[PDB]
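**Q** Fold the following, please.
(chains A, B, C and D)
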Amino acid sequence: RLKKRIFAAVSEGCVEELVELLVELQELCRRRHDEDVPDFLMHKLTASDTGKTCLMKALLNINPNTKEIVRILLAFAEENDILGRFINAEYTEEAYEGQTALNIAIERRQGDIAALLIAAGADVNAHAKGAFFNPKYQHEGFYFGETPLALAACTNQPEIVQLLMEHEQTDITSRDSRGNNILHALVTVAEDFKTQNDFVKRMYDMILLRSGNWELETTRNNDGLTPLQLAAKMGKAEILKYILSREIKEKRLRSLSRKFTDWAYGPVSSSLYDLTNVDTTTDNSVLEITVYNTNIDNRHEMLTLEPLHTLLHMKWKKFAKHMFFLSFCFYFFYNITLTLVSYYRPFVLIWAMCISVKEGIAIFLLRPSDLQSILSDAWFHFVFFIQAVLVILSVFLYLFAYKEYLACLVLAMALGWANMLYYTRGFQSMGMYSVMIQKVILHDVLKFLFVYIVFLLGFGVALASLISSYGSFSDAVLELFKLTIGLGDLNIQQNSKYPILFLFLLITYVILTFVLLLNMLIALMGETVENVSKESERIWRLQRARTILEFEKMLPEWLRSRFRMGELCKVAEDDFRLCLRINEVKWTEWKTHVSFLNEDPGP
Amino acid sequence: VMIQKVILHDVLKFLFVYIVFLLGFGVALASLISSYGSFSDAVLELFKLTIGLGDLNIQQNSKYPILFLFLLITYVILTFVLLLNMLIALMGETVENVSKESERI
Amino acid sequence: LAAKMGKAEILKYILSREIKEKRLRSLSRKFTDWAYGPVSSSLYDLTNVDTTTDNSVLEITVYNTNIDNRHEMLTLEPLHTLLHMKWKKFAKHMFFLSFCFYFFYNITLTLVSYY
Amino acid sequence: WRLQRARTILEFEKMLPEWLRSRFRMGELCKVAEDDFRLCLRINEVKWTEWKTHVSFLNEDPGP
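**A** Numbering: from 1, shown residues only, chains lettered A, B, ... in the order given. Let me share the structure:
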């Protein structure tokens, strides 16, 4: 009863019994273990499978005299020539491996203990590749890049994190045992402002300034991503706002920035935004991921950052002006040309497969688990796909005999104007209102559609079974549809089975549809108009970027004549970085402008 | 002045969104066809339903009458709900805001 | 007895018993299993909460029809988790089961009546 | 709406026979207190706002 006695002594924080056990333990060292001198002593302290030793137990349990416990433990360890692997013990578990003393020491908020351990010696480069430290999902553990340096940054600890920086022993270059660098871990851990006091943004600046170099943002994980788009992929605005709008002014580290003031002659200052991984020229870009992720609910303010809207609005005139009108004009000519052919039945042929080929590969290769917003964009693609499918089968049934040749054409006839609505939301005037037209169909009208069809079909077939009179088939459904519009004739009742219920059922049907079913229509208008009407243009901008990205993908390599080339050589050091002009005027603050790299204002 | 703006902002917005549906659906039934065959009879037939007149079905030719009534069912429910939505809703925004800027214009 | 007579505040304290000091920690219902940073897992005792026992709080609360304060009575700590999670385990394979059988019952009787 | 939410699950449980212990929380978690066994239930609640150290626990290792 010695190993357990030592564990129990530090479990309750023995002020003096721990020293007595150390005296008893060091007296036992006189006995010859016959195998090894330090290994048996380590084995007497280590708990085998758990591997807690005398360090984890003293740190896991918090005592007011904890600083004295480690001080006595260090004195005994130092006097016994054990200060290496003894303090560098690792968890010998399947779900826990590589965890060291400094991990828990900073984990439970002991700054004084952390400084004491690093002074005598600690494994600041330890990696926790255990299952708990590297969960496959959210409710299994805490993910922080399995590095003690990042753990201080993640747990809102700004004092010890800089203490390790001056130690000149960290492994910031070494990303982790998983693939995510310290910045990769820091950006993933961050969240919205509603649950944090923007502490990640402050410590992102502190860590980057200590780096002083670009190798932090030029590393890729197993998935192969950079910290720039890791914030955009996971839908994080505040951490992305600081990265793009990096306005470093002081020297010796100005290269680690993305916003450079080219020239400020009075209240006219032009700022350059770096586009290393923003524009679509590169393989994987922020703009490509942001537009086509379908996993972010904060895109209302995510797309309106500084080097995004200028790259968005300007590209609309360069690209979309000659593409949105191109598709609209071709589709418009497609509509009347098919209209004339359909109406005169006693350009469209070649264009028939254009939609099917384009939509066939678009829907199949997209598969984003989208449609959480119901409206989305694949809803129009489905309508586009069916219209193309109905057209080609119409050609198929032209020589296939049988019947319903016009039925397929008529179904595709009306579906053409359905897609015309999606071509009317791109206008700068109707765009503020066309999006809410779509949502009423898919939220209110569809809700009223199925609740009415379930009553119309149910009651219609009831009278059909009851039956110069409306016998069955479509006469039953037509009879009720004329009452709900203001037409039709009642009763007659050529067969007398029980006419009392026939009029009673009709009485109930009319009163229910005109009161209960009409209740759910107008009532939704009060809630939607008073609340959603102020969020119409914001949703409109979501589909704004969908078209330009699609247009760019189909556009071949022939480029470099419409988008911002922005060479601007000698911006920093002796290399070249793409930039972008803004020409923002403040006209209110003045107070001198000295932050610039080019003396002459230039163009 | 506000009488003129409703014509050029709300009525015209409702005019083209209704004509695009009226003409599109009207010619669809004309191709499907003592009955409303084609030409102006197709557009008149739908315009009587949106006002409260006209006669339905009859359907002297049986190609696929199920869609004929279904298309008419969709047309009436869309115009009287979706198209009527964009008319009254604009009145709430314009009256509560623009009515105080009539004499100024 | 708090749940049968519709009493929320006295029931809120009983279920969310977060005793921390020793020598009496057993007289509690909320135990923090582990708190590694801002991720803390709390254990709620279920001696007389789940339906395994003869008479349970959940069985009484749902089927008493004498409480007007059930809006906040059912959303206590060890109730909604036992409610929402059981929806996927039990109701997902039961609500759709009854709905599909009843739906097939509807058209099948519809076809017989019309034919 | 939540009132009728629990009506169905209680009815479904009553008709379900004794065959159980595969969908609901078994939560044994032995040695929770003294030397007995009590059923428990996991929550995994994250505060992320207060911190100020956490020392109230019975299991040193975070476990699963």
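**Q** what about the nearest residue to residue A:48 once chain neighbours are set aside, neighbour count?
**A** Once flanking residues are discounted, residue A:48 sits nearest to residue A:92: 7.5 Å by CB to CB, 6 or more residues apart in numbering or on different chains. For the C-beta atoms, the positions are set from N, CA and C on the backbone; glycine is no exception. Neighbour count of residue A:92, defined by other CB atoms under 10 Å in any protein chain shown: 15.
**Q** residues making contact with the helix or strand harbouring residue A:435?
**A** Taking DSSP states H and E as the definition, one finds residue A:435 inside helix A:431-440. Contact partners of helix A:431-440, identified using CB atoms under 8 Å, 6 or more residues apart in numbering or on different chains, comprise A:374-375, A:421, A:424-425, A:427, A:528, A:532-533, A:536-537, A:539-540, A:543-544, B:82, B:85-86.
**Q** Regarding residue A:128, what is its secondary structure?
**A** Following DSSP: H, G, I helix; E, B strand; the rest coil, the label given to residue A:128 is coil.
**Q** Enumerate every residue touching residue A:54.
**A** Going by CB under 8 Å, 6+ apart, residue A:54 touches A:6, A:10, A:45, A:73.
**Q** Selection in ChimeraX covering whichever of those are buried, please.
**A** Selection of buried members from the contacts of residue A:54 for ChimeraX, criterion 16 or more other CB atoms under 10 Å in any protein chain shown:
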select /A:6,10,45,73
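**Q** Would you list the buried entries among the contacts of helix A:431-440?
**A** Neighbour counting over the contacts of helix A:431-440 (16+ other CB under 10 Å) leaves A:375, A:421, A:424-425, A:528, A:536, A:539-540, A:543-544, B:82, B:85-86 as the buried ones.
**Q** can you give me the strands for chain A?
**A** A:259-264, A:269-273 (DSSP state E).
**Q** and of those strands, who's closest to chain D?
**A** strand A:259-264 (30.1 Å; CB to the nearest CB).
**Q** Run through the residues of chain A sitting next to chain B.
**A** Within chain A, the residues that sit near chain B (CB under 8 Å from any CB of the partner chain) are A:339, A:342-343, A:345, A:403-404, A:406-407, A:409-411, A:413-414, A:416-417, A:420, A:433, A:437, A:440-441, A:444-445, A:448-449, A:474, A:477-478, A:481-482, A:485-487, A:521, A:525, A:529, A:533.
**Q** pretty sure residue A:51 is touching residue A:92, no?
**A** Yes: assessed by CB atoms under 8 Å, residue A:51 is found in contact with residue A:92 at 4.1 Å.
**Q** what is in contact with these two at once?
**A** Residues touching both residue A:51 and residue A:92 (CB under 8 Å, 6+ apart): none.
**Q** and the angle from the helix holding residue A:435 to helix B:12-32?
**A** With axes from the mean of the first three to the mean of the last three CA atoms, to 10 degrees applied, the angle from helix A:431-440 to helix B:12-32 works out at 50 degrees.
**Q** could you list every residue that touches the nearest residue to residue A:90 once chain neighbours are set aside?
**A** Closest residue to residue A:90 apart from its sequence neighbours, by CB to CB, 6+ apart: residue A:98 at 5.3 Å. Neighbouring residues of residue A:98 by CB under 8 Å, 6+ apart: A:90-91, A:126-130, A:146, A:177.
**Q** show me where the stretch 101-250 of chain A has helices.
**A** Shown for the stretch 101-250 of chain A, the helices assigned by DSSP state H, counting those that start in this stretch span residues A:101-107, A:111-120, A:148-154, A:160-165, A:182-189, A:199-211, A:227-233, A:237-244.
**Q** Pipe these into CSV and attach distance to chain D per row.
**A** Formatted as CSV, the helices of the stretch 101-250 of chain A follow (distance: least, CB to the nearest CB, whole Å):
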stretch, distance to chain D
helix A:101-107, 10
helix A:111-120, 11
helix A:148-154, 10
helix A:160-165, 14
helix A:182-189, 10
helix A:199-211, 10
helix A:227-233, 18
helix A:237-244, 15
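**Q** start to end distance for stretch A:424-432?
**A** End-to-end distance for stretch A:424-432: 11 Å, by CA to CA, to the nearest Å.
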